[PDB]
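In C-alpha cells, the next block holds one chain alone, the form deposited in one PDB entry.
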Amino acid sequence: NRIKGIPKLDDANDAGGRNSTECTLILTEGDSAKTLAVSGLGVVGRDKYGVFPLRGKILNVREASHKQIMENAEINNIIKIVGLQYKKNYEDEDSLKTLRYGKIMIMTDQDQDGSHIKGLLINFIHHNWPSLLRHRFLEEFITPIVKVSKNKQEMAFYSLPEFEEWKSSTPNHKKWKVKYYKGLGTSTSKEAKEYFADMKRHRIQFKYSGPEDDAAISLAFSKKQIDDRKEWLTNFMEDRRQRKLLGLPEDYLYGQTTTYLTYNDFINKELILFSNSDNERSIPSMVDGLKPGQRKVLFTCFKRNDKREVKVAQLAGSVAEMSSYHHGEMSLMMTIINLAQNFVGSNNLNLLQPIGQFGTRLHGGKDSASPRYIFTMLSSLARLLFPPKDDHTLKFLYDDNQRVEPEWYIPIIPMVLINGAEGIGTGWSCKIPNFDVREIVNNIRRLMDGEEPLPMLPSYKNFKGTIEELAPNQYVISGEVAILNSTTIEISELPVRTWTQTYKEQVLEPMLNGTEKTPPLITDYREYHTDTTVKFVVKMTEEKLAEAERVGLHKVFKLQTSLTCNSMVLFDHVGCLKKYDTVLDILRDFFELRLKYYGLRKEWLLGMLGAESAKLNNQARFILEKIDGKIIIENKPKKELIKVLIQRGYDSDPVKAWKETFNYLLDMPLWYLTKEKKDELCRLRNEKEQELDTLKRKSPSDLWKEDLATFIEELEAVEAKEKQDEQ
C-alpha cells in the first residue's frame, strides 16, 4: 500500500505493506524540520520511518464543526497517511494491522508552542480514537534547547530550568561557549544525525497509565472546560508565586534520559507552561497596558534618545537586538505599527509617530505600507507619560543575560484605559475600551484631591457618533445618520471598529443588489470619504426610506455596535491575573500603585541629591585644609594619602556607593585650587541642600501634579498642531 495524494510525504519504504505496524511517522513542525529529520534518518533508515511536516497549529477537533473537520486538508492528510478511519474503533489487532504506520513520533522545537502542537495532536488522536492512546501509538522526539560546549566538551540541555540549574549548580561560568536552539532549523544536519544516533535520549514514548489522562487532555482542549482551565492555571500561577518567594527552584522535565511520559504529566507539567506563556504574551499589564513585546519596543525607543526619525524595519532590528525579543521581526514591526497608529477607533494616545502610511480607518490599520517605506519616532507626549525619572524605580529584567525592559513602565496616567486593551489567551480573554484622557486626568486629580471619582463613559479620539450605556459594563455605539431628502440619506459616521471598506462590503453592497432571499433596499449610493472621515449618500424609495425610518435608521443601516466588557482580565504588578469588575476598580489600583511609586521616586531623588551634596562636602573639606593650611599632604607619597584619608575620617566618593575610591580627591589642583573657587563651590553645595529642601516641601501626591500639568500643555500643543494639519 502506497500513498499517492501528497508529495510532501516521505513514506517509510516498509510502511503500508507488511510489518507496517513497526513503521513510525515523524510529524515535524515546518518543512525544515522534516528536512532535519531526513538528515537524521541517514542513521536509522528509511524503512521504518516516514516523515511529514505539520503546517503549524493543528486544528482543535474536540469542538469543531463537522464542516471545519472535513474541509481541513491536514487532518485528512494525516488520516490518509496513517490509514485511519474516523468511524472505525481501533481496539483490536485487525484494526491495528490496518494502519499504514505503527507509531507516530512528533518532533517540534524545544519551545512551548511546540508543546502546544504536541498537545493539539494528542487532542486530535484522543478525540477521534480514545483507544489508540492506550496502545503506545504516539511518540515524541526531543532536541536540546541549549548547548554549552568548551574544549570539545559538549553539554546539551533540553530544558531552560535545567540549564539555569546547571548554571546555578556549577562554577566557572563565562568559560563555556553557550548557544541557544530556539528552532529545529538551528541544529545542523550533522547535529541531527548525532541526535538520531543517541536515539534513547531523544525518544520519549507517551504512556497512558489510567483515566486521569482522558480528563487532563479534555481539560486542555475541551471548549466547555474553560473555567476548569482558569482554575488549572490559577493554581499554576500560585504554585509558581510561592516557589518564587521561597526562592525554591522549579521542577523541569527531560532532565535526564526518561523513557516515557504520562499524558497527565505532559499536560500539567509541559502544556500548562505554554498556556501561561500564551497568557503572558497575550494579556497586557494594568500598569502600562502594554504587552511584553510592545514594552520591548517602547523600552528600546526609550533606550535610544533617537530624535531623528527612524525607518521602521531598522528600529525593529535594533529592538530585536536590544530587547532580546525572540519571536521574529515581523510581529515586531507589526507591533511598532500598532503602537504608532492613530486612526479613529485605534489609539486615543499613540506613543509612536506615524511618519508615513501606517493604516487607516478604511481597513482597520491593515492598509499600512511596507515597514521599509515608513518611519517612526517617539511622540513628544511619550516620555512625559513615562517620566525619565520614574524608571529608576522600575525593576529591569536581565533575561537572556542582557538588560532588557522592565516588568512594567509607570505612566502618569493609566494607559490601559486610554488606549484600551485587547487579548486572547488560554482560559482568559481581555477587552478594554478607550477613555478620554482629560477625564482620566480629572478623575486622577479628583481622587488625588481627596474625593471619589466620577463615572466614566468610553471615549474614542476623533469619534463623532455617540456612546450610550444601556447597563453596567454594557454599551451601545451609534454613528451619525441624517435624512437629506425622501430620496436621499447621509451617513456621517460609523461605530468604532467599523471600517469603511468592511462596511461598504458587508452592509451597503448587499442592500444595493439584494440577495435571493430578500430584495435590494437602496437604489444607489455615493461615497465621498477620506482617510480620516466617512460620508455615504444613499438614495432610496420614499416608501422604503419611510419604512427604514419607522424601524430606525441606526438599526436598519447597522450603525449601532453594542459591546459588553464583562471580561477585563489583567496582570497584577505582582504578576498574578485579576479580573476587574469596573473601570474605576482599575483606576483605583493604578492610582494607589502610582502614588506609591512617586514616593519611591522621591526617595531616589533624595539619594542622588544627597550623594551629590555629600561628595561636595568631602570635596569641600579638602579645599579648607589646603586653604586653611590645616592639611598639606599634596604630592605626599600615595600611601600616606590613603592613610591620612582613612584617619581623617571623611568618607569616599558617595555616588559610587549610591549607585550600588579616591577619584574626587585624586583630581589635582589644576590651577583652580584657590579659596575663591571655594566661594564658587559653596554655592554649589548650598544649592544642592536647597534644591533638596524644596524637594522635601513637595509631597509624592504633589509632583504628580507637575508631571500632569506638563503633559497637558504638550497635549494641547499636539492637538492644535494636528487639527491645523487636518485643516
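All residue numbers refer to positions in the sequence shown, first residue = 1. Between two forms, the rigid core is defined as the largest C-alpha subset superposing within 1.5 Å.
Beyond the structure shown, there is the form deposited in another entry, which is absent from this document and is the topic of what follows.
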Out of 605, 75, 447, 441, the residue that alone shifts its CA by 2 Å or more between the shown form and the other one when the rigid core is the reference: 75
Flag for residue 398, CA shift 2 Å or larger between the shown form and the other one after aligning core: no
Residue 22 C-alpha moves between the shown form and the other one by 2 Å or more, core aligned: yes
Residue 714: Cα shift of 2 Å or greater between the shown form and the other one (core-aligned): no
